[PDB]
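Engineer:
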Amino acid sequence: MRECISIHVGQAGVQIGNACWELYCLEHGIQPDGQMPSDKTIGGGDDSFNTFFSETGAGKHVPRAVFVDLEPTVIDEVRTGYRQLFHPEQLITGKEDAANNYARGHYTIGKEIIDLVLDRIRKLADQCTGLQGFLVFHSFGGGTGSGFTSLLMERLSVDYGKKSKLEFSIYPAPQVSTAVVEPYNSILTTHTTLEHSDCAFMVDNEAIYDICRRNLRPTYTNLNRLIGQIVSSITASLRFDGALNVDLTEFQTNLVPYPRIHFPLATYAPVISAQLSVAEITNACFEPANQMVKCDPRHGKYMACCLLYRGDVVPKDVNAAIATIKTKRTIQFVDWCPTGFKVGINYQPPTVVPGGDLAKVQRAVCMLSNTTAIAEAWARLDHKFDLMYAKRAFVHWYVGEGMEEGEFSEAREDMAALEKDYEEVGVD
Amino acid sequence: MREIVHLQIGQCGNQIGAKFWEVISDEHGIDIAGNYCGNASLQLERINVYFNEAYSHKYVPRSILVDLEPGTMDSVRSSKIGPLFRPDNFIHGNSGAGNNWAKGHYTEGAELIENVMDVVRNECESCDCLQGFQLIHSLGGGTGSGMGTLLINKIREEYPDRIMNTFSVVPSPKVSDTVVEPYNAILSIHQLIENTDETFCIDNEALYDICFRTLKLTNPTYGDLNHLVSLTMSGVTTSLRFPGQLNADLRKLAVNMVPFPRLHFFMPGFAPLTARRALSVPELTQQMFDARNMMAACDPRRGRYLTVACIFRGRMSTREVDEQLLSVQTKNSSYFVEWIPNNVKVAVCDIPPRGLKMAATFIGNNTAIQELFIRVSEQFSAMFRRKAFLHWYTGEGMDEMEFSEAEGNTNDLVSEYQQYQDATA
Ligand SMILES: COc1ccc(C[C@@H]2NC(=O)/C=C/C[C@@H]([C@H](C)[C@H]3O[C@@H]3c3ccccc3)OC(=O)[C@H](CC(C)C)OC(=O)C(C)(C)CNC2=O)cc1Cl
Ligand SMILES: Nc1nc2c(ncn2[C@@H]2O[C@H](COP(=O)(O)OP(=O)(O)OP(=O)(O)O)[C@@H](O)[C@H]2O)c(=O)[nH]1
Ligand SMILES: Nc1nc2c(ncn2[C@@H]2O[C@H](COP(=O)(O)OP(=O)(O)O)[C@@H](O)[C@H]2O)c(=O)[nH]1
Numbered sequence: 001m002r003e004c005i006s007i008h009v010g011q012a013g014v015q016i017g018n019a020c021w022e023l024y025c026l027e028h029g030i031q032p033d034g035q036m037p038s039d040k041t042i043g044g045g046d047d048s049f050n051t052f053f054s055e056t057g058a059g060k061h062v063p064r065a066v067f068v069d070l071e072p073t074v075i076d077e078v079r080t081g083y084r085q086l087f088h089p090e091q092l093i094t095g096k097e098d099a100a101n102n103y104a105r106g107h108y109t110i111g112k113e114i115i116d117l118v119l120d121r122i123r124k125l126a127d128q129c130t131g132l133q134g135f136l137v138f139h140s141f142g143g144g145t146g147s148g149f150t151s152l153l154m155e156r157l158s159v160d161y162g163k164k165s166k167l168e169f170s171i172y173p174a175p176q177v178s179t180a181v182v183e184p185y186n187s188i189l190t191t192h193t194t195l196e197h198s199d200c201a202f203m204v205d206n207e208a209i210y211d212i213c214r215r216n217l221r222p223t224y225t226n227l228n229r230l231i232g233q234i235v236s237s238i239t240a241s242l243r244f245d246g247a248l249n250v251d252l253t254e255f256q257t258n259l260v261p262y263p264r265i266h267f268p269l270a271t272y273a274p275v276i277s278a285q286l287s288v289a290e291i292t293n294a295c296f297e298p299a300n301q302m303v304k305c306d307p308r309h310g311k312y313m314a315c316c317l318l319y320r321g322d323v324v325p326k327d328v329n330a331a332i333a334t335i336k337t338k339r340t341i342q343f344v345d346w347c348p349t350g351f352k353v354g355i356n357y358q359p360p361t362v363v364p365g366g367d368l369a370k371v372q373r374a375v376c377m378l379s380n381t382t383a384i385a386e387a388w389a390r391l392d393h394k395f396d397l398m399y400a401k402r403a404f405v406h407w408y409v410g411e412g413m414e415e416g417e418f419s420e421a422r423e424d425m426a427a428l429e430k431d432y433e434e435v436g437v438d
Numbered sequence: 001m002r003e004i005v006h007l008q009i010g011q012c013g014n015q016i017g018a019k020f021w022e023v024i025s026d027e028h029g030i031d032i033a034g035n036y037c038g039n040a041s042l043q044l045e046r047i048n049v050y051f052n053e054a055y056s057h058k059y060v061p062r063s064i065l066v067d068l069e070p071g072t073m074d075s076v077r078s079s080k081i082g083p084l085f086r087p088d089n090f091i092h093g094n095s096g097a098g099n100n101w102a103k104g105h106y107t108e109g110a111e112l113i114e115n116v117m118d119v120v121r122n123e124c125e126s127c128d129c130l131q132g133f134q135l136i137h138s139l140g141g142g143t144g145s146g147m148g149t150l151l152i153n154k155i156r157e158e159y160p161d162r163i164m165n166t167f168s169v170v171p172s173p174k175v176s177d178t179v180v181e182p183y184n185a186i187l188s189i190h191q192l193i194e195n196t197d198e199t200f201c202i203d204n205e206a207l208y209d210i211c212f213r214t215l216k217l218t219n220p221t222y223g224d225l226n227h228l229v230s231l232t233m234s235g236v237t238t239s240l241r242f243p244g245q246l247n248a249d250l251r252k253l254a255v256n257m258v259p260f261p262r263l264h265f266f267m268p269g270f271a272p273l274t275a276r282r283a284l285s286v287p288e289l290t291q292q293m294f295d296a297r298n299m300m301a302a303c304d305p306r307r308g309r310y311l312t313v314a315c316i317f318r319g320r321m322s323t324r325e326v327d328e329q330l331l332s333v334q335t336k337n338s339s340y341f342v343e344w345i346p347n348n349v350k351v352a353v354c355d356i357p358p359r360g361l362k363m364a365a366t367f368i369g370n371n372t373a374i375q376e377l378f379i380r381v382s383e384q385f386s387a388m389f390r391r392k393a394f395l396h397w398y399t400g401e402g403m404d405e406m407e408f409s410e411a412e413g414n415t416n417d418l419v420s421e422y423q424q425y426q427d428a429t430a
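Chains U and R, in that order, give the protein sequences.
Mapping of the first sequence onto PDB author numbering: residues 1 to 81, 83 to 217, 221 to 278, 285 to 438, in sequence order.
Mapping of the second sequence onto PDB author numbering: residues 1 to 276, 282 to 430, in sequence order.
1) Put R/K103 into one of helix, strand or coil per three-state DSSP.
2) Contact defined as beta carbons within less than 8 Å: I believe U/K352 pairs with U/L269. What is the distance between those atoms, to the nearest angstrom?
3) For R/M406, count neighbouring C-beta atoms within 10 Å of its own C-beta (all shown protein chains included) and say buried if the count is 16 or more, exposed if not.
4) Quick one: which unbroken alpha helix (DSSP H) runs of 4-plus residues sit fully inside the region 221-278 of chain U? Chain order, please.
5) In chain U, which residues lie less than 7 Å from R/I345 when you measure between Cβ atoms?
6) By DSSP's criteria, U/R320 is part of a beta bridge. Which residues make up the other side?
7) Under three-state DSSP, which class holds U/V181?
8) Are the C-beta atoms of R/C129 and some chain U residue less than 8 Å apart?
9) For a test of your reading of the model: does the CB of residue 280 of chain R fall under 7 Å from any non-hydrogen atom of ligand 3? Yes or no.
10) When DSSP labels each residue in this structure, what does U/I171 get in the three-state scheme?
11) Report the option in U/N50, U/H61, U/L125 whose CA atom is closest to the CA atom of U/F67.
12) Quick check on the DSSP output: the beta strand (DSSP E) that includes R/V170 runs from which residue to which?
13) Can you have a look at U/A374 and say buried or exposed, based on whether 16 or more other CB atoms are within 10 angstroms of its CB?
14) Is there a Cβ of chain R sitting closer than 8 Å to that of U/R156, yes or no?
15) Quick one: what's got a C-beta closer than 6 Å to residue 82 of chain U's C-beta in the same chain, skipping five residues either side?
16) Give a yes or no on whether the C-beta atoms belonging to U/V9 and U/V137 are separated by under 8 Å.
17) Count the other CB atoms, across all protein chains shown, that sit within 10 Å of the CB of U/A333; report buried if there are 16 or more and exposed otherwise.
18) Which chain U residues sit within Cβ distance under 7 Å of R/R251?
19) Closest Cβ-Cβ distance between U/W407 and chain R: below 8 Å?
20) Mind checking the region 227-238 of chain R against chain U and listing, in chain order, the residues whose C-beta falls within less than 9 Å of any C-beta there?
21) Helix, strand or coil, according to DSSP, for R/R156 in the structure here?
22) Can you list, in chain order, the residues of its chain whose CB lies under 7 Å from that of U/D98, leaving out five sequence neighbours each side?
23) Spell out a yes or no on whether the region 27-41 of chain U and the region 164-177 of chain U are touching, meaning 3 or more CB-CB pairs, one atom from each, closer than 8 Å.
24) I'd like to know whether the C-beta of U/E97 is nearer than 8 Å to at least one C-beta of chain R.
25) Let me know the secondary structure DSSP gives R/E401 once reduced to three states.
26) What's the C-alpha gap between R/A365 and R/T290?
27) Taking C-alpha atoms, which residue in U/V204, U/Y185, U/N329 lies nearest to R/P259?
28) Do R/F385 and ligand 1 come close, with the Cβ less than 7 Å from some heavy atom?
29) For the region 318-348 of chain R, which residues have a beta carbon sitting closer than 8 Å to at least one beta carbon of chain U?
30) Can you name the residues of chain U whose CB is closer than 9 Å to the CB of R/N256?
31) Starting from U/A19 and walking both ways along the alpha helix (DSSP H), at which residues does that stretch end?
32) Taking 7 Å as the line, does the beta carbon of R/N94 fall inside it for any heavy atom of ligand 3?
33) Just list the residues that DSSP pairs R/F341 with in beta bridges.
34) With burial defined as no fewer than 16 other Cβ atoms inside 10 Å of the residue's Cβ, what is the status of R/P160: buried or exposed?
35) Identify which residue in R/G140, R/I155, R/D197 has its Cα closest to the Cα of R/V180.
36) In terms of alpha-carbon separation, which member of U/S287, U/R339, U/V328, U/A289 lies closest to U/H309?
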C-alpha cells in the first residue's frame, strides 16, 4: 500500500546504494538473482518489504532503485559485479562528469540529462500507487552529487510538492578528499537543497574512518560496508514490522520541528572485530567519539531521540538503561515538552556480510537523535568557505558554467541565517 | 573511457614524446606490435585515453607528431617505437623555421595549420567523447613555440569547452646557444596566459642543474634530459593512466590545482631521479619538496604552495605516507597558503615505473614560478632594449607593439603573483 523510490546520485551514492541493496537482499533473505525462497509462495506485495521491493510478472523482486551518475564506470560495475537484479532501463548513466563543480552539475551538464531522469522517475512512480516519497543518496563534496542533486531536488519540489523527500548526504572529510572545492560544493548544495529536503542524515567519512581505525588506512570498501550497515540499521524499521518510524512522515515528525533544522545524528555502539550488556551499549550511543558526525553534543541541547534496538534485546532492561542514562547530567534537553528516548525494538537480528568487516552480534542499537551540535560542523564548513572567498579563490570555475558571483554571497547569507537559527534554538 | 588526443610540436616535443611513449608502453605492457603482454589487469584498464584500439588487438597511440623538417620524422621512424605509431598521423613540413617564432606563427604554421586542423577534426569526429588535448612542445624553438601557440588558438576557437594541457619547456641559456629564445618564450608565455588553462613548466635550466649536481654528469646531453622529462611525465600521468582515489582526469586536475585563470603554471618534480639504492617513505618525502629536486628553476622557500598533488608509485604503506606528509605539512606550515585548506592531495598507485621500485611525483602551483617569469622577462629586457634580431620578426608582419604587449602581460602576471603571495589569511 506504500512504496519508496531510492535515488542514488554520484559515485558515492551509487556505491552506497549498491552496498545497501546487497545488505537488504541479505537481511530479507532475497536471493541475488531476484527470487525469494519463502515469501514467493504468496506471489504478491504488502509483505512488509513492498515499500522497497517490487515484484514483476516473473516473480523477481527487483528493488525500486534509480542509479544516476554522470560517469558510467560505477554503473557498469553494478551491471557486471546484480545484473539480473537491477533492470538496465532504470540505471541512468552520463557522458561527462561535473568534476568537483557544483555549477557544472547544476546548469550545463546536469541540465542536458535532467529530463531523462525525470521521465525515468515518473515511469517508476507510475508502478507505485501509494508511494510515500524518495530517498536521495548523494555526497556533498562531488560535482554530480551536489549539482545534479540540487537540480533534482528543485524539479521534485516543483513537480511532487505533496510528497516528502529524505536526504542521505556524505559530509566531506580531510582524510579522504579528492577535491579542494568541497566546501564550495557543500555550501552551495546546502543552500539550494535547504527548502527541498526534510531529513538529511549527513555522515562524514572521518568518523567512519576513525571507527574503522580504532575498532576494526582502511579503504573505500570497508567504509562502504560500514556505511551500508549504518544506513541498513537506520532504515531497518521501514522494511520490517511496525513499531515506530515506519514512514517518511514519521521520520519528519519524530525528529524535525523546523522547516530548516532537519539534520539528525546517528550513533552506533556495537562495532567489534570480525558479549556486551544493554546498559553499556546504550551508554556508548551517547559517546561523542562514536557518533557519525565529528561533533560534541554536550555543548548543545537535544531535541529528540529515537532509539532503535536490533536483535534479541529484552524490553525490560531498556528502561533501566534509560534511567541510568537520564541520571547523568550530560544530557540537557530543550524546555518545550522534550519527551525522551522513544524506544522501538525489532526482534529480527541484523545480518552481517559473511567474512566481511563487522562480526555478527546479538545486541544492536542506534540513536537517531537531533541536536544543535551540527552547528559546529556547519561553522567549520563556513569557515573553510570564508577562507577561500576572501581572495575569491576558485571562483571562475563556477561562473564559467552559467552561475553568478552573487550566488556565493547568497549561500553565505543562507548559512549565516542557519547558524543564527541554530544559535537561537540553542539560546533560551 | 574518455579519449585524449596527443599533440607533439617541434623536434624537442617529438624526441621527448617518443621517449615518453616508450616509457609508457614499457609500463603498460604494450609491445611494438600493439598487443597487450602485461601481467596486471590495471594496465589494460584506462588504456583508451592514450592508445587507440585498432583491429586484431593493436593498441596504437593517438599521437599527432607535428614538425617542419622530415629529419625528425625519419629519426622517429628509425627508433623502436616507429612502427608502433600511426603512420597516417605523421605531419611534416619542408623547411624548418629555425628559431624563428614569427615564421612558425604567421607564415609556415599558418600554412600547415589547415592540415593539422583537418587531422585534429578527423580524430575528434571519431571520438565518443573528447576529454582534452595534451600538448608537448618547447617555448624557445621556431616551429615548436609558434606552431604550438597557433594550434592552441585554433583548438580554443574550435572547442571552447575542452581543456588544454601543455608541457611547455622554457628555454635556458645553459643548454641552448641561440640568443633569440627570450623573444619566443615571452611571446608564447603571453599566448599561453590568454588561451590555455594548464601549463607544466618544465625548465631545462633546472634539468641541467639536476644532471650537474645530483647525477654528477658535467655534459648536459639531450638523451639524459629526455629520459628525466619522460620519467617525470610518466609519474605525472600515472593519475590519468590508472584508476584511483585521485583520478585527476584533466578537468579534475584543473579544478583542484588552478585557482585563477592566469596563475595556472605548475611545477612538476621527481624525487627518485637516477641516470641510466634504498627507497623508503620519509626520504622520498624529504626529497619531494627539495629545491634541488624540482624541475623548474625556482626557490620554494621564497614562495607559497597554492596546491600540491603528490602522487606515490610502488608498493608502500599508505598510512606511513599520510603520516609523513602530514608531518611535512605541519612542520612547514609557513610554506603553504593558509587561506586554501587541505591543499595536499595524496594518491598511491601500486604499479611502479620500470627500473624503479618506488616513485614519488609532485605537481604544484607554487608562487616560486614567478622567479622563472622574472628571469625570462629580464633576459627579454636585455634583448629588447637594444632591438637585437628585431628585423627578422618585424619583417613578417609582426608589430613591434606585440613585444611590448607580451612584456606588459608577463609583468602583470608577476605583479599579480606577488600581490597574491603578500596576502595572508
Ligand atoms: C649579439 O651578437 C651575437 C651573439 C651570438 C650569436 C649566436 C648565433 N646566432 C643566433 O643565435 C641567431 C639566431 C637568430 C635566428 C634567426 C632569427 C632565424 O629567423 C632566421 C631564419 C633562419 C632560417 C630560415 C628562415 C629564417 O637564426 C637562427 O636561428 C639560425 C638558423 C639558420 C642558420 C638555419 O641558426 C643559428 O643561428 C645557428 C647557426 C644554429 C647558431 N647561431 C648562433 O649561435 C649571434 C650574434 Cl649576432
Ligand atoms: N564513504 C564514501 N565516500 C565516498 C565514496 N566515493 C566518493 N565518496 C566521497 O566523495 C567525495 C568526493 O566526491 P567525488 O570524488 O567527486 O565523487 P562524487 O561525490 O560521486 O561526485 P562525482 O564524481 O562527480 O560523481 C569524497 O569526499 C568522498 O568522501 C565512497 O565510496 N564511500
Ligand atoms: N630538455 C630538452 N630540451 C630540448 C631538447 N631538444 C631541444 N630542446 C630545447 O628546445 C629548444 C629548441 O626548439 P626546437 O624543437 O629545436 O624548435 P624547432 O627547431 O623550430 O623545431 C632549445 O631551446 C632547447 O633548449 C631535448 O632533447 N631535451
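Cβ coordinates follow ideal geometry from the N, Cα and C atoms, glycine included.
Structural biologist: The answer reads as follows:
1) If you number the second sequence from 1, residue 103 of chain R lands on position 103. In this structure, R/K103 counts as helix in the three-state DSSP scheme.
2) Mapped onto the first sequence, residue 352 of chain U falls at position 342. Mapped onto the first sequence, residue 269 of chain U falls at position 265. With 8 Å as the limit, U/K352 and U/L269 do not qualify as a contact, their Cβ atoms being about 15 Å apart.
3) Taking the first residue of the second sequence as position 1, residue 406 of chain R is located at position 401. So R/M406 counts as exposed.
4) Complete alpha helix (DSSP H) runs here, min 4: 224-238, 252-259.
5) Position 340 of the second sequence, counted from the start, is the residue given in the question as residue 345 of chain R. Simply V181, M398, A403.
6) Here residue 320 of chain U corresponds to residue number 310 of the first sequence, with the count starting at 1. In DSSP, U/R320 forms a bridge with U/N356, U/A374.
7) Within the first sequence, numbered from 1, the residue matching residue 181 of chain U stands at position 180. Coil.
8) Within the second sequence, the letter at position 129 stands for residue 129 of chain R. Yes, because at least one Cβ of chain U sits closer than 8 Å to the Cβ of R/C129.
9) In the model shown, chain R runs from 276 to 282 with nothing in between, leaving residue 280 of chain R without coordinates.
10) Residue 171 of chain U sits at position 170 when you count from the first residue of the first sequence. Reduced to three states, the DSSP call for U/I171 is strand.
11) Locating residue 67 of chain U in the first sequence gives position 67, where the first residue counts as 1. Among U/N50, U/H61, U/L125, the Cα nearest to that of U/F67 belongs to U/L125.
12) Counting from one through the second sequence, the residue named residue 170 of chain R turns up at place 170. Counting along the chain, the beta strand (DSSP E) containing R/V170 begins and ends at 163-170.
13) Against the first sequence, residue 374 of chain U aligns to sequence position 364. With at least 16 other beta carbons inside 10 angstroms of its own, U/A374 counts as buried.
14) Sequence index remark: in the first sequence, residue 156 of chain U carries index 155 (1-based). No - not a single Cβ of chain R is within 8 Å of the one on U/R156.
15) In the model shown, chain U runs from 81 to 83 with nothing in between, leaving residue 82 of chain U without coordinates.
16) Taking the first sequence and counting its residues from 1, one reaches residue 9 of chain U at position 9. Taking the first sequence and counting its residues from 1, one reaches residue 137 of chain U at position 136. In this structure, the beta-carbon distance from U/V9 to U/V137 falls below 8 Å.
17) Position 323 of the first sequence, counting from 1, holds the residue named residue 333 of chain U. With fewer than 16 other Cβ atoms within 10 Å, it is exposed.
18) To locate residue 251 of chain R, count along the second sequence from 1; it is residue 251. Correct list: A100.
19) In the first sequence, counting from the first residue as 1, residue 407 of chain U sits at position 397. Yes, its Cβ sits closer than 8 Å to a Cβ of chain R.
20) Going along the region 227-238 of chain R in chain order, one finds no residue with a Cβ nearer than 9 Å to chain U.
21) Residue numbering aside, residue 156 of chain R sits at position 156 when the second sequence is read from its first letter. Here R/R156 sits in helix by DSSP.
22) The sequence position of residue 98 of chain U within the first sequence is 97, counting from 1. Closer than 7 Å at Cβ, skipping near neighbours: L70, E71, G144, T145.
23) Short answer: they don't touch.
24) Here residue 97 of chain U refers to the residue found at position 96 of the first sequence. Put simply, the CB of U/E97 is near chain R, with a gap under 8 Å to one of its CB atoms.
25) Locating residue 401 of chain R in the second sequence gives position 396, counting from the first residue. Correct three-state label for R/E401: coil.
26) Position 360 of the second sequence holds residue 365 of chain R. Position 285 of the second sequence holds residue 290 of chain R. Looking at the two C-alpha atoms, the distance is approximately 8 Å.
27) What you label residue 259 of chain R is simply residue 259 of the second sequence in a count that begins at 1. For R/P259, the nearest C-alpha among the options comes from U/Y185.
28) Numbered from its first residue, the second sequence carries residue 385 of chain R at position 380. R/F385 Cβ: outside cutoff for every heavy atom of ligand 1.
29) Flagged, chain order: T323, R324, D327, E343, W344, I345, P346, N347, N348.
30) Within the second sequence, residue 256 of chain R is the residue found at index 256, counting from 1. Neighbours of R/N256 in chain U, taken as residues whose beta carbon is under 9 Å from its own, are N101, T179, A180, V181, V182 in chain order.
31) Walking along the first sequence from the start, residue 19 of chain U turns up at place 19. Unbroken alpha helix (DSSP H) run through U/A19: 10-27.
32) Here residue 94 of chain R corresponds to residue number 94 of the second sequence, with the count starting at 1. Incorrect: R/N94 has no Cβ contact closer than 7 Å to ligand 3.
33) Residue mapping note: residue 341 of chain R aligns to position 336 of the second sequence, counting from 1. Paired residues: R/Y310.
34) Here residue 160 of chain R refers to the residue found at position 160 of the second sequence. Exposed.
35) Working through the second sequence from its first residue, we reach residue 180 of chain R at position 180. Nearest option by C-alpha distance: R/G140.
36) Position 299 of the first sequence, counting from 1, holds the residue named residue 309 of chain U. Per the Cα distances, U/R339.
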